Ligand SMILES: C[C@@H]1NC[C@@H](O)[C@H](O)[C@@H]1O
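This document starts with one chain, in the form solved without the named molecule, laid out as C-alpha coordinates.
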(Lines give C-alpha, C1' and ligand atoms only; values in the text may rest on other atoms or scores of the structure.)
Protein backbone atom coordinates (compact mmCIF):
# COMPACT_ATOMS: atom_id res chain seq x y z
CA UNK A 1 0.00 0.00 0.00
CA UNK A 2 1.25 3.46 -0.96
CA UNK A 3 0.02 6.95 -0.12
CA UNK A 4 -0.11 9.88 -2.58
CA UNK A 5 3.18 11.38 -1.39
CA UNK A 6 6.72 11.15 -2.71
CA UNK A 7 8.37 9.55 0.38
CA UNK A 8 5.93 6.62 0.17
CA UNK A 9 6.04 6.29 -3.63
CA UNK A 10 9.85 6.36 -3.81
CA UNK A 11 10.08 3.47 -1.32
CA UNK A 12 8.56 1.02 -3.82
CA UNK A 13 11.27 -1.39 -5.05
CA UNK A 14 11.64 -1.64 -8.81
CA UNK A 15 10.71 -4.98 -10.40
CA UNK A 16 13.82 -6.85 -11.46
CA UNK A 17 12.83 -7.12 -15.13
CA UNK A 18 13.81 -3.51 -15.85
CA UNK A 19 17.30 -3.88 -14.38
CA UNK A 20 17.79 -7.23 -16.13
CA UNK A 21 16.56 -5.86 -19.47
CA UNK A 22 19.51 -3.46 -19.98
CA UNK A 23 18.84 -2.66 -23.65
CA UNK A 24 15.69 -1.05 -25.00
CA UNK A 25 14.45 0.61 -28.17
CA UNK A 26 12.75 4.02 -28.25
CA UNK A 27 10.23 4.88 -30.98
CA UNK A 28 9.30 8.51 -31.70
CA UNK A 29 6.37 8.38 -34.11
CA UNK A 30 3.55 10.81 -34.75
CA UNK A 31 2.22 13.64 -36.89
CA UNK A 32 5.66 15.30 -36.76
CA UNK A 33 6.82 12.48 -39.05
CA UNK A 34 4.75 14.01 -41.88
CA UNK A 35 6.90 17.16 -42.31
CA UNK A 36 9.95 15.05 -41.34
CA UNK A 37 12.05 18.20 -41.11
CA UNK A 38 14.08 19.77 -38.32
CA UNK A 39 12.90 17.71 -35.34
CA UNK A 40 9.79 16.45 -33.57
CA UNK A 41 9.57 19.98 -32.11
CA UNK A 42 8.42 21.23 -35.53
CA UNK A 43 5.13 22.72 -34.34
CA UNK A 44 6.69 24.69 -31.48
CA UNK A 45 9.64 25.90 -33.56
CA UNK A 46 7.26 26.96 -36.35
CA UNK A 47 4.36 28.59 -34.47
CA UNK A 48 5.53 28.86 -30.86
CA UNK A 49 8.77 30.65 -31.73
CA UNK A 50 8.27 31.57 -35.39
CA UNK A 51 11.72 30.50 -36.51
CA UNK A 52 12.39 31.86 -40.03
CA UNK A 53 13.71 28.55 -41.40
CA UNK A 54 10.52 26.68 -40.45
CA UNK A 55 8.38 29.44 -41.96
CA UNK A 56 10.45 29.27 -45.15
CA UNK A 57 10.01 25.48 -45.25
CA UNK A 58 6.24 25.88 -44.82
CA UNK A 59 6.13 28.54 -47.55
CA UNK A 60 8.15 26.51 -50.05
CA UNK A 61 6.51 23.13 -49.37
CA UNK A 62 2.82 23.76 -48.62
CA UNK A 63 0.09 26.18 -49.71
CA UNK A 64 -0.33 29.41 -47.72
CA UNK A 65 -2.43 29.16 -44.59
CA UNK A 66 -1.48 25.50 -44.07
CA UNK A 67 -1.89 24.55 -40.42
CA UNK A 68 -0.31 21.78 -38.37
CA UNK A 69 -3.61 19.91 -38.03
CA UNK A 70 -3.69 19.70 -41.83
CA UNK A 71 -0.74 17.31 -41.45
CA UNK A 72 -3.14 14.88 -39.78
CA UNK A 73 -4.69 13.31 -42.89
CA UNK A 74 -1.24 12.93 -44.49
CA UNK A 75 -0.06 10.54 -41.74
CA UNK A 76 -1.16 7.57 -43.83
CA UNK A 77 1.19 4.94 -42.34
CA UNK A 78 0.17 2.51 -45.08
CA UNK A 79 3.40 0.48 -44.88
CA UNK A 80 3.16 -0.11 -41.12
CA UNK A 81 3.87 -3.77 -40.28
CA UNK A 82 4.18 -4.20 -36.50
CA UNK A 83 5.29 -7.83 -36.89
CA UNK A 84 8.30 -6.70 -38.95
CA UNK A 85 9.08 -4.04 -36.33
CA UNK A 86 8.94 -6.61 -33.52
CA UNK A 87 11.12 -9.06 -35.46
CA UNK A 88 13.69 -6.31 -36.03
CA UNK A 89 13.63 -5.36 -32.34
CA UNK A 90 14.11 -9.00 -31.33
CA UNK A 91 17.01 -9.31 -33.78
CA UNK A 92 18.55 -6.14 -32.32
CA UNK A 93 18.66 -7.70 -28.85
CA UNK A 94 16.15 -5.25 -27.37
CA UNK A 95 14.39 -6.48 -24.23
CA UNK A 96 11.87 -3.62 -24.05
CA UNK A 97 10.36 -1.24 -26.58
CA UNK A 98 8.98 2.18 -25.61
CA UNK A 99 6.63 3.80 -28.13
CA UNK A 100 5.47 7.42 -28.01
CA UNK A 101 1.70 7.22 -27.54
CA UNK A 102 1.26 11.01 -27.50
CA UNK A 103 3.89 13.74 -27.88
CA UNK A 104 3.67 17.48 -27.20
CA UNK A 105 1.61 17.91 -30.39
CA UNK A 106 -1.28 16.22 -28.57
CA UNK A 107 -1.94 13.62 -31.29
CA UNK A 108 -2.68 10.32 -29.56
CA UNK A 109 -1.56 7.15 -31.33
CA UNK A 110 -4.60 5.27 -29.97
CA UNK A 111 -8.36 5.92 -30.11
CA UNK A 112 -8.44 8.24 -27.10
CA UNK A 113 -12.00 9.26 -26.11
CA UNK A 114 -10.73 12.71 -25.07
CA UNK A 115 -8.79 13.30 -28.32
CA UNK A 116 -11.61 13.05 -30.86
CA UNK A 117 -10.49 13.66 -34.46
CA UNK A 118 -6.90 14.19 -33.23
CA UNK A 119 -5.97 10.53 -32.84
CA UNK A 120 -4.61 7.85 -35.14
CA UNK A 121 -7.98 6.09 -35.44
CA UNK A 122 -10.02 9.11 -36.55
CA UNK A 123 -7.47 10.66 -38.94
CA UNK A 124 -4.28 9.54 -40.63
CA UNK A 125 -3.45 5.87 -40.11
CA UNK A 126 -7.05 4.92 -39.19
CA UNK A 127 -5.49 2.26 -36.93
CA UNK A 128 -4.68 1.64 -33.28
CA UNK A 129 -0.90 1.90 -33.55
CA UNK A 130 -0.34 1.38 -29.82
CA UNK A 131 -2.50 -1.74 -29.76
CA UNK A 132 -1.01 -3.28 -32.90
CA UNK A 133 2.56 -2.70 -31.75
CA UNK A 134 1.72 -4.04 -28.29
CA UNK A 135 0.22 -7.21 -29.74
CA UNK A 136 3.25 -7.76 -31.97
CA UNK A 137 5.67 -7.18 -29.08
CA UNK A 138 3.73 -9.35 -26.62
CA UNK A 139 3.71 -12.24 -29.09
CA UNK A 140 7.53 -12.12 -28.94
CA UNK A 141 7.75 -11.65 -25.13
CA UNK A 142 9.17 -8.12 -25.40
CA UNK A 143 8.35 -5.65 -22.63
CA UNK A 144 6.17 -2.69 -23.58
CA UNK A 145 6.64 0.93 -22.54
CA UNK A 146 4.34 3.85 -23.26
CA UNK A 147 5.79 7.34 -23.63
CA UNK A 148 3.30 10.01 -22.57
CA UNK A 149 3.86 13.76 -22.72
CA UNK A 150 2.00 15.60 -19.97
CA UNK A 151 1.97 19.01 -21.63
CA UNK A 152 0.60 19.95 -25.04
CA UNK A 153 2.02 23.07 -26.67
CA UNK A 154 -1.15 24.61 -28.11
CA UNK A 155 -4.05 22.80 -26.43
CA UNK A 156 -6.54 25.52 -25.39
CA UNK A 157 -7.13 24.09 -21.90
CA UNK A 158 -3.40 23.81 -21.17
CA UNK A 159 -2.94 27.40 -22.36
CA UNK A 160 -5.82 28.47 -20.11
CA UNK A 161 -4.22 26.73 -17.13
CA UNK A 162 -0.89 28.39 -17.93
CA UNK A 163 -2.59 31.79 -18.11
CA UNK A 164 -4.18 31.12 -14.71
CA UNK A 165 -0.78 30.43 -13.15
CA UNK A 166 -1.49 26.67 -13.14
CA UNK A 167 -3.97 27.20 -10.30
CA UNK A 168 -6.78 25.60 -12.29
CA UNK A 169 -6.55 22.01 -13.53
CA UNK A 170 -8.91 22.01 -16.51
CA UNK A 171 -6.36 20.38 -18.82
CA UNK A 172 -5.36 17.74 -16.25
CA UNK A 173 -8.92 16.64 -15.53
CA UNK A 174 -10.04 16.87 -19.16
CA UNK A 175 -7.13 15.23 -21.01
CA UNK A 176 -4.15 14.16 -18.90
CA UNK A 177 -5.59 11.88 -16.20
CA UNK A 178 -8.27 10.19 -18.38
CA UNK A 179 -5.65 9.47 -21.04
CA UNK A 180 -3.18 8.03 -18.52
CA UNK A 181 -5.90 5.83 -17.02
CA UNK A 182 -6.95 4.66 -20.48
CA UNK A 183 -3.33 3.93 -21.44
CA UNK A 184 -2.84 1.87 -18.27
CA UNK A 185 -6.16 0.00 -18.20
CA UNK A 186 -5.75 -0.96 -21.86
CA UNK A 187 -2.51 -2.29 -23.37
CA UNK A 188 -1.28 -3.09 -19.81
CA UNK A 189 2.09 -1.30 -20.10
CA UNK A 190 5.23 -2.65 -18.49
CA UNK A 191 6.83 0.82 -18.48
CA UNK A 192 5.58 4.41 -18.33
CA UNK A 193 7.92 7.04 -19.81
CA UNK A 194 6.57 10.42 -18.72
CA UNK A 195 7.64 13.68 -20.34
CA UNK A 196 6.52 17.26 -20.87
CA UNK A 197 6.73 18.15 -17.18
CA UNK A 198 9.24 21.02 -16.99
CA UNK A 199 6.57 23.76 -16.90
CA UNK A 200 4.35 22.77 -13.96
CA UNK A 201 4.77 21.39 -10.44
CA UNK A 202 3.83 17.81 -9.67
CA UNK A 203 0.85 19.09 -7.66
CA UNK A 204 -0.73 20.48 -10.83
CA UNK A 205 -0.12 17.26 -12.79
CA UNK A 206 -1.71 15.09 -10.05
CA UNK A 207 1.34 12.84 -10.37
CA UNK A 208 1.31 11.49 -6.81
CA UNK A 209 -2.34 10.42 -6.97
CA UNK A 210 -1.93 8.71 -10.34
CA UNK A 211 1.22 6.96 -9.15
CA UNK A 212 -0.49 5.77 -5.96
CA UNK A 213 -3.36 4.39 -8.05
CA UNK A 214 -0.87 2.74 -10.42
CA UNK A 215 1.03 1.12 -7.54
CA UNK A 216 -2.12 0.13 -5.61
CA UNK A 217 -5.15 -0.64 -7.82
CA UNK A 218 -3.88 -0.79 -11.37
CA UNK A 219 -3.84 -3.96 -13.51
CA UNK A 220 -0.04 -3.61 -13.83
CA UNK A 221 0.61 -2.69 -10.18
CA UNK A 222 3.30 -5.37 -9.73
CA UNK A 223 5.57 -5.29 -12.80
CA UNK A 224 5.47 -1.62 -13.79
CA UNK A 225 8.25 0.98 -13.74
CA UNK A 226 8.12 4.75 -14.30
CA UNK A 227 10.73 7.41 -14.99
CA UNK A 228 11.39 10.64 -13.09
CA UNK A 229 9.58 13.20 -15.30
CA UNK A 230 6.47 13.83 -13.20
CA UNK A 231 6.69 17.57 -12.56
CA UNK A 232 8.99 20.50 -12.02
CA UNK A 233 12.12 19.64 -10.01
CA UNK A 234 11.00 15.99 -10.09
CA UNK A 235 13.59 14.87 -12.66
CA UNK A 236 16.42 12.78 -11.16
CA UNK A 237 14.81 13.21 -7.71
CA UNK A 238 11.47 11.36 -7.69
CA UNK A 239 10.24 8.24 -9.46
CA UNK A 240 11.09 4.63 -10.26
CA UNK A 241 14.30 5.14 -12.22
CA UNK A 242 16.09 8.36 -13.16
CA UNK A 243 16.37 9.53 -16.74
CA UNK A 244 17.58 12.88 -15.33
CA UNK A 245 18.76 14.73 -18.43
CA UNK A 246 18.52 13.50 -22.01
CA UNK A 247 21.60 11.55 -23.15
CA UNK A 248 22.74 11.36 -19.53
CA UNK A 249 26.44 10.42 -19.29
CA UNK A 250 27.42 10.18 -15.61
CA UNK A 251 31.09 10.06 -14.66
CA UNK A 252 30.75 8.14 -11.37
CA UNK A 253 28.43 5.32 -10.37
CA UNK A 254 24.96 6.61 -9.45
CA UNK A 255 23.26 5.32 -6.31
CA UNK A 256 19.87 4.93 -8.05
CA UNK A 257 18.73 2.93 -11.06
CA UNK A 258 19.00 5.15 -14.13
CA UNK A 259 18.51 5.00 -17.88
CA UNK A 260 20.31 6.62 -20.81
CA UNK A 261 18.09 7.75 -23.69
CA UNK A 262 19.92 8.46 -26.94
CA UNK A 263 18.92 8.79 -30.59
CA UNK A 264 20.61 7.36 -33.66
CA UNK A 265 19.87 10.67 -35.38
CA UNK A 266 21.97 13.13 -33.39
CA UNK A 267 19.77 16.14 -34.24
CA UNK A 268 16.23 14.73 -33.94
CA UNK A 269 14.29 12.06 -32.10
CA UNK A 270 11.72 12.08 -34.89
CA UNK A 271 12.39 10.99 -38.44
CA UNK A 272 14.01 13.50 -40.81
CA UNK A 273 13.74 12.99 -44.57
CA UNK A 274 16.98 14.90 -45.28
CA UNK A 275 19.08 13.06 -42.69
CA UNK A 276 22.75 13.11 -43.64
CA UNK A 277 25.16 10.22 -43.17
CA UNK A 278 27.17 12.41 -40.78
CA UNK A 279 24.01 12.87 -38.67
CA UNK A 280 23.74 9.12 -38.01
CA UNK A 281 25.53 7.85 -34.91
CA UNK A 282 28.20 5.28 -35.73
CA UNK A 283 27.83 1.66 -34.55
CA UNK A 284 31.18 1.98 -32.68
CA UNK A 285 29.83 5.00 -30.72
CA UNK A 286 26.45 3.23 -30.11
CA UNK A 287 28.15 0.06 -28.71
CA UNK A 288 30.58 2.26 -26.68
CA UNK A 289 27.75 4.25 -24.96
CA UNK A 290 25.84 0.98 -24.26
CA UNK A 291 28.95 -0.60 -22.62
CA UNK A 292 29.56 2.52 -20.49
CA UNK A 293 25.88 2.73 -19.51
CA UNK A 294 25.63 -0.94 -18.50
CA UNK A 295 28.96 -0.80 -16.64
CA UNK A 296 27.72 2.17 -14.58
CA UNK A 297 24.49 0.35 -13.68
CA UNK A 298 22.19 1.95 -16.24
CA UNK A 299 19.75 0.94 -18.96
CA UNK A 300 20.35 1.86 -22.60
CA UNK A 301 17.38 3.21 -24.58
CA UNK A 302 18.19 3.73 -28.28
CA UNK A 303 15.76 5.82 -30.33
CA UNK A 304 14.62 5.42 -33.93
CA UNK A 305 12.16 7.51 -35.91
CA UNK A 306 9.80 5.82 -38.36
CA UNK A 307 8.62 7.58 -41.49
CA UNK A 308 5.06 8.81 -41.96
CA UNK A 309 4.45 5.61 -43.96
CA UNK A 310 5.39 3.39 -41.02
CA UNK A 311 8.82 2.37 -42.32
CA UNK A 312 12.16 2.07 -40.53
CA UNK A 313 14.86 3.27 -42.93
CA UNK A 314 17.68 0.84 -43.84
CA UNK A 315 20.33 2.84 -41.96
CA UNK A 316 18.43 2.49 -38.67
CA UNK A 317 17.97 -1.21 -39.40
CA UNK A 318 21.71 -1.52 -40.04
CA UNK A 319 22.58 0.16 -36.73
CA UNK A 320 20.09 -1.96 -34.77
CA UNK A 321 21.23 -5.19 -36.43
CA UNK A 322 24.88 -4.37 -35.75
CA UNK A 323 23.99 -3.80 -32.07
CA UNK A 324 22.14 -7.14 -32.08
CA UNK A 325 25.06 -8.94 -33.74
CA UNK A 326 27.43 -7.53 -31.09
CA UNK A 327 24.98 -8.61 -28.36
CA UNK A 328 24.61 -12.16 -29.72
CA UNK A 329 28.28 -12.58 -28.76
CA UNK A 330 28.62 -10.36 -25.67
CA UNK A 331 25.16 -10.68 -24.08
CA UNK A 332 26.22 -12.69 -21.04
CA UNK A 333 28.35 -9.69 -19.99
CA UNK A 334 25.37 -7.33 -20.34
CA UNK A 335 22.00 -8.96 -19.67
CA UNK A 336 21.17 -9.46 -15.97
CA UNK A 337 24.56 -8.06 -14.97
CA UNK A 338 25.52 -5.68 -12.18
CA UNK A 339 28.31 -3.11 -11.79
CA UNK A 340 31.58 -4.29 -10.27
CA UNK A 341 33.60 -2.51 -7.56
CA UNK A 342 35.68 -0.47 -10.06
CA UNK A 343 33.53 -0.25 -13.24
CA UNK A 344 36.47 1.03 -15.31
CA UNK A 345 40.26 0.91 -15.33
CA UNK A 346 41.64 4.42 -14.80
CA UNK A 347 45.01 3.57 -16.38
CA UNK A 348 44.34 1.21 -19.33
CA UNK A 349 42.85 1.42 -22.83
CA UNK A 350 39.20 2.15 -21.99
CA UNK A 351 38.27 -1.01 -20.09
CA UNK A 352 34.87 -1.20 -18.39
CA UNK A 353 33.74 -3.77 -15.83
CA UNK A 354 30.55 -5.76 -15.39
CA UNK A 355 29.92 -8.64 -13.01
CA UNK A 356 27.55 -11.61 -13.08
CA UNK A 357 27.67 -14.08 -10.21
CA UNK A 358 31.33 -14.91 -9.65
CA UNK A 359 32.31 -13.93 -13.21
CA UNK A 360 33.89 -10.56 -13.97
CA UNK A 361 33.70 -9.18 -17.51
CA UNK A 362 36.19 -6.62 -18.83
CA UNK A 363 34.81 -5.01 -21.99
CA UNK A 364 37.49 -3.08 -23.86
CA UNK A 365 36.86 -0.87 -26.89
CA UNK A 366 40.48 -0.41 -28.02
CA UNK A 367 42.63 -3.33 -29.11
CA UNK A 368 46.15 -2.89 -27.66
CA UNK A 369 48.84 -2.52 -30.31
CA UNK A 370 51.27 -4.79 -28.43
CA UNK A 371 48.63 -7.52 -28.01
CA UNK A 372 48.63 -7.81 -24.20
CA UNK A 373 45.80 -6.39 -22.10
CA UNK A 374 46.78 -4.89 -18.73
CA UNK A 375 44.20 -5.21 -15.93
CA UNK A 376 45.31 -3.67 -12.63
CA UNK A 377 42.02 -3.99 -10.72
CA UNK A 378 41.36 -7.78 -10.71
CA UNK A 379 42.95 -9.93 -8.00
CA UNK A 380 44.04 -13.30 -9.38
CA UNK A 381 43.44 -16.55 -7.51
CA UNK A 382 44.83 -20.02 -8.19
CA UNK A 383 41.61 -20.93 -10.05
CA UNK A 384 41.64 -17.98 -12.47
CA UNK A 385 40.61 -18.58 -16.09
CA UNK A 386 40.53 -16.11 -19.00
CA UNK A 387 37.91 -16.83 -21.65
CA UNK A 388 37.74 -14.01 -24.26
CA UNK A 389 34.02 -14.26 -25.03
CA UNK A 390 33.43 -15.29 -28.64
CA UNK A 391 36.61 -17.39 -28.92
CA UNK A 392 36.88 -20.95 -27.61
CA UNK A 393 40.04 -21.58 -25.61
CA UNK A 394 41.73 -20.10 -22.55
CA UNK A 395 44.20 -17.21 -22.71
CA UNK A 396 47.74 -16.96 -21.37
CA UNK A 397 48.03 -14.58 -18.42
CA UNK A 398 50.85 -13.47 -16.11
CA UNK A 399 50.34 -11.79 -12.74
CA UNK A 400 52.92 -9.06 -12.15
CA UNK A 401 53.55 -8.47 -8.43
CA UNK A 402 54.11 -4.71 -8.60
CA UNK A 403 52.00 -4.15 -11.73
CA UNK A 404 48.63 -5.68 -12.62
CA UNK A 405 47.51 -8.72 -14.58
CA UNK A 406 48.68 -9.17 -18.18
CA UNK A 407 46.42 -11.18 -20.50
CA UNK A 408 47.77 -12.47 -23.81
CA UNK A 409 45.09 -11.71 -26.39
CA UNK A 410 44.50 -14.08 -29.34
CA UNK A 411 46.28 -12.71 -32.41
CA UNK A 412 43.48 -13.13 -34.94
CA UNK A 413 43.87 -12.37 -38.66
CA UNK A 414 41.60 -9.77 -40.29
CA UNK A 415 38.02 -10.89 -40.98
CA UNK A 416 38.29 -13.45 -38.16
CA UNK A 417 37.50 -11.46 -34.97
CA UNK A 418 34.09 -12.25 -33.42
CA UNK A 419 33.09 -8.60 -32.97
CA UNK A 420 34.43 -5.48 -34.69
CA UNK A 421 34.50 -2.63 -32.15
CA UNK A 422 34.31 -3.99 -28.55
CA UNK A 423 35.58 -7.24 -26.99
CA UNK A 424 34.82 -8.98 -23.70
CA UNK A 425 37.25 -10.84 -21.43
CA UNK A 426 35.64 -13.21 -18.93
CA UNK A 427 37.44 -13.88 -15.64
CA UNK A 428 36.35 -16.69 -13.31
CA UNK A 429 37.62 -17.11 -9.77
CA UNK A 430 38.71 -13.47 -9.43
CA UNK A 431 38.15 -11.25 -6.39
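Positions refer to the first chain, counted from 1.
One more form of this protein exists, namely the form deposited with the named molecule bound; it is left out here, but the text below deals with it.
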The named molecule isn't shown here, but in the bound PDB entry which of 272, 319, 104, 143 has a heavy atom within 4.5 Å of it? 104
Interface residue in the bound PDB entry among 300, 340, 71, 193, criterion: non-hydrogen atom within 4.5 angstroms of the named molecule: 193
Only one of these stretches, 195 to 203, 89 to 97, 275 to 283, 126 to 134, has heavy atoms within 4.5 Å of the named molecule in the bound PDB entry; which one is it? 195 to 203
Is it the case that residue 217, even though its partner is missing from this view, gets within 4.5 Å of the named molecule in the bound PDB entry, heavy atoms only? no
Going by a heavy atom distance of 4.5 Å, is residue 246 a contact of the named molecule in the bound PDB entry? yes
Closest heavy atom of residue 147 to the named molecule in the bound PDB entry, within 4.5 Å or not? yes
Could you confirm whether residue 26 comes within 4.5 Å of the named molecule in the bound PDB entry, counting heavy atoms only? yes
Select from 39 to 71 the residues with a non-hydrogen atom within 4.5 Å of the named molecule in the bound PDB entry and write them out in sequence order. 40, 41
